[PDB]
Amino acid sequence: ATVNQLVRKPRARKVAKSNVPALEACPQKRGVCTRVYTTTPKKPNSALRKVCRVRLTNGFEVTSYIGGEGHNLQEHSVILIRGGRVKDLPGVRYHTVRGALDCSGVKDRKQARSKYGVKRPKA
Amino acid sequence: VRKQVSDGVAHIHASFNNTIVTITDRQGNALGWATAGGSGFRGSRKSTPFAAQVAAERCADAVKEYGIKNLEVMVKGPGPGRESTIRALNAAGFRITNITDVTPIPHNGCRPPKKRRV
Amino acid sequence: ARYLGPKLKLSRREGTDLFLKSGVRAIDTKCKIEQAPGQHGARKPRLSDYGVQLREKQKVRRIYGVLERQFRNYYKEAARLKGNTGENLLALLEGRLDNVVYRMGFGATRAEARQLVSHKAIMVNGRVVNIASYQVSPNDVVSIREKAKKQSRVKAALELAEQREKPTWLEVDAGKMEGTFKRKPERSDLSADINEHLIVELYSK
RNA sequence: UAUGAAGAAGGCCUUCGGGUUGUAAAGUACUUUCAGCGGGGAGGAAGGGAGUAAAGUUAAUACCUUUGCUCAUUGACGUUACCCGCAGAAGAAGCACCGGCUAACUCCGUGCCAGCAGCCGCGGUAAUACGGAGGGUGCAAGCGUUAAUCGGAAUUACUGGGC
Ligand SMILES: [Mg+2]
Ligand SMILES: [Mg+2]
Ligand SMILES: [Mg+2]
Ligand SMILES: [Mg+2]
Ligand SMILES: [Mg+2]
Ligand SMILES: [Mg+2]
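Protein chains in written order, with my numbering: chain A, 4 to 126; chain B, 223 to 340; chain C, 567 to 771.
What follows is the structure, given as C-alpha cells:
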C-alpha cells in the first residue's frame, strides 16, 4: 500500500501458467499412441468416452481424447494432437486431430467437416 | 411496352363544373386520368359528387401497369367532389397516406371576373 | 469477394428495402416484404442489443457490397480522418467508383454499374480504371469509354436514372455520357434512416 | 446484369388448407473484367565507346582534358506497365455457426446410449445442444480449430485495490 513499502518491494508480474504444458507453447505435436482404452466421464454425465494414451516426441506422456465417432486406432499409431481440455475427463487436456497422419477422418461427417479432417462429399 | 412504379400521388381538380382525377408519380409524370365528363355524365350530372366517385372507378386502371398501392392525395378547387372521390380511392384498394389541400389562394393577386348579375 | 446468391432474400432480410434490384418492377410483387426468409420467418423475432447493431452494419455493407475486411479498413481510415467518423465512413463508401457510376446513371443496379466498371467500360480523367473501390476525388470528370457507349444496357440505365432524384454533388450528363464528382456528399443527402453513431460504437467495442 | 410468379417442379414442413425453398431456377434480353487467344507497346537507360570541332592545357596549344556536338549504342526481368482486337456466361464459392452468453430452427433419427462441450451444460423415448434433413446467420478465396501476446482483468491497483 505505502509507496515507501512498494519502493522497497516492487510489484511482481505474475506469470500465467498454460493449460497445455506438454505442448510447450506449440499449436500441435506429433506422438505415438502408447495405449488405446476407454474411460468414464465425470459426475453429472454417464457414457463410455474414448481416450488414448500417447507418447509425444519431446518425451511427455499424456492422454488425449478422440472427438470423432469410430476410430481405426491401435498400438504404435502416429497421430497429431492439439490443445483443448475435456470438461468431464480430469487429466485430459488434448484432442486428437481427426483426418491427419494415421488418424482417418470421421465417417459420414456433413457439418463441421473441417473440424474432423473429412474431404468434401462429391455432389 | 411501358414501365411500372409505386408511391404515387393523386391530384384532384374539384371545379364547380367538373372533377379531374389524375394519378401521377412523385415527379409529376402522369400515369392515368379519368373525368366525370368522360364517364358518361354531361350537364348537371358532370358535377354531382356521385359522378366524381364514378370517375375514380375508371382511374382504378393502371393497376398492372403501375402497382401504386400507397399514394398521396392533392386536392385543389372548391367545387363539389372534395369528399366523394376520396372514398372511391379507399374502396378501390389504395393506401391513402396524406391528404392536403393545394387550392390556389392568391394573396390579392389578379383581378377576378365581374359578378354574374344573372 | 462478391455475393452471388439470391438478392430478394437479403432485401426482405434486414427489412427496409435499400437500393437493390433494377428498381422498375415493384419490389413487393417480386417477393413478400415484411417477412424474413426461412420456414420460421413468419413470426416476430424479439431482437436483442447485439442484434440491432449487427443488422445496421450488415444493412450498410450490402447497400454498397462491402465485405467485412474491406469495411473495417474504411472504419480505420474514417477514425483516422478528422471530423465525425460515421459521416466520413459514409462519404468514403459513397466515393467508391462503382457506387458513383450507379448514382451517375450508367448502371441499372449497383452490381451492374460495378460490373460496368469491372468490364473496362469507364474512363476517369483519360485513364482506364476497372477497380470498383477506386476513390473518386472532387472536381474529377468521369466519362464512359467510347467503345462502352455502344452497350444498350448503359443507355437504358440512363433513362431510369431520372426517377432517382439526381444527387446534387454529381453533375450527370445525358448525351455527353459523362459526370463530374463536384464534391464530397453530405449526411443530409444520404438516407436519413442510417444511424452512423451506432456503427461507430459497434466497431469501437 | 436485367427481365423473369400457376410463387414452375423438386426439397422440407404442414392447421393438409397451406407455407417454405424463391425470381432462386428455367426462360428471355444484356455484358465480356480477369482468366482463353491474337496483335501492338511505354518505362526502367544513366552510361561509356567511336568520332568530331573549339576551349583550358604547350617548346610544339602536339600530349591530354573540358566543353559542345556526330554515328552507332546496351534491359536480367520480358511473350514486360499498358493499349487494341477476338469469342462466349461462357472457365472461377466455399467455410463456420443457428441452447444461453451470441446473430441465426424446425423435422427425423437416437434414448445418460452414441455423442457435443470456450463457459453455462446437453442426452434417461415429443433433444431449438448429439446424429441427419430442410431452412437460416456470420465470414469469404478463404472459413474454422489449435498455439501465442495484450485487452477486457481496478484480477499486483503509480495512475488504479484492500486487511
Ligand atoms: Mg481478400
Ligand atoms: Mg485477360
Ligand atoms: Mg440468438
Ligand atoms: Mg487464446
Ligand atoms: Mg491491471
Ligand atoms: Mg478487493
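Cβ coordinates follow ideal geometry from the N, Cα and C atoms, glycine included.
Buried is the label assigned to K32(A), since at least 16 other Cβ atoms lie within 10 Å of its Cβ.
In the three-state scheme derived from DSSP, where H, G and I count as helix and E and B as strand, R638(C) is classed as helix. Rounded to the nearest whole angstrom, the CA to CA distance from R612(C) to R579(C) is 15 Å.
For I69(A), the closest alpha carbon among the candidates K20(A), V39(A), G62(A), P24(A) is that of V39(A). Counting along the chain, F316(B) sits inside no alpha helix (DSSP H), nor does DSSP assign it H or E at all. Around the beta-carbon of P751(C), 16 or more other beta-carbon atoms lie within 10 Å, marking it buried. Proximity of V590(C) to chain B, defined by a Cβ-Cβ separation below 8 Å, is satisfied. Here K32(A) carries a strand assignment [DSSP, helix/strand/coil]. Contacts with chain B (Cβ-Cβ distance below 9 Å) from the stretch 591–618 of chain C involve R591, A592, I593, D594, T595, listed in chain order. Assignment of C55(A) by DSSP, reduced to helix, strand and coil, places it in the strand class. Each residue's CA atom was taken as its position, placing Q226(B) and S588(C) some 12 Å apart. Distance from the CA of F747(C) to the CA of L620(C), rounded to the nearest whole angstrom, comes to 32 Å.
Counting the other CB atoms within 10 Å of its CB gives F238(B) a total below 16, which places it among the exposed residues.
Its Cα nearest to that of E305(B), the residue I321(B) stands out among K291(B), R224(B), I321(B), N292(B). Excluding residues up to 5 positions away in sequence, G671 lie with their Cβ nearer than 6 Å to the Cβ of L724(C) in the same chain. When Cβ pairs closer than 8 Å are counted between the two stretches, the stretch 328–337 of chain B is seen not to touch the stretch 265–274 of chain B, the count staying below three.
When the Cα atoms are used, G673(C) and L682(C) turn out to be separated by approximately 7 Å. Boundaries of the beta strand (DSSP E) around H98(A): 97–99.
Put simply, of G254(B), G250(B), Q275(B), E279(B) the residue whose alpha carbon is nearest the alpha carbon of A236(B) is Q275(B). Proximity to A252(B) across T241(B), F316(B), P271(B), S228(B) peaks at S228(B), based on C-alpha coordinates. Chain order gives no chain C residues near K337(B), where near means a beta carbon separation below 9 Å; the closest approach is about 46 Å.
Within its own chain, the residues whose Cβ lies closer than 6 Å to the Cβ of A273(B), once the five positions on either side in sequence are excluded, are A258, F263, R267, listed in chain order.
In chain order, the residues with a C-beta atom nearer than 7 Å to some heavy atom of ligand 1 are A567(C), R635(C).
Per DSSP, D247(B) is one residue of the beta strand (DSSP E) stretching across 241–247.
Neighbourhood of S228(B) in chain C, by CB distance below 9 Å: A592, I593, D594, in chain order. In terms of Cβ geometry, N665(C) and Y630(C) form a close pair [threshold 8 Å]. For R719(C), the closest alpha carbon among the candidates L576(C), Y668(C), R635(C) is that of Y668(C). Within the same chain, Cβ atoms closer than 7 Å to the Cβ of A282(B) are found at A314, the five residues on either side in sequence being excluded. For the stretch 282–298 of chain B, the set of positions with a beta-carbon nearer than 7 Å to some beta-carbon of chain C reads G289 in chain order.
Relative to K46(A), the option among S21(A), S117(A), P93(A) whose CA is nearest is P93(A).
For the pair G87(A) and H79(A), the CB atoms are not nearer than the 8 Å cut-off. In the displayed model, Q601(C) falls within coil according to three-state DSSP, outside both helix and strand.
Per DSSP, the unbroken beta strand (DSSP E) holding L293(B) starts and ends at 292–298.
Less than 8 Å divides the Cβ of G303(B) from the Cβ of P271(B). Judged by DSSP in its simplified three-state form, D583(C) adopts coil rather than helix or strand.
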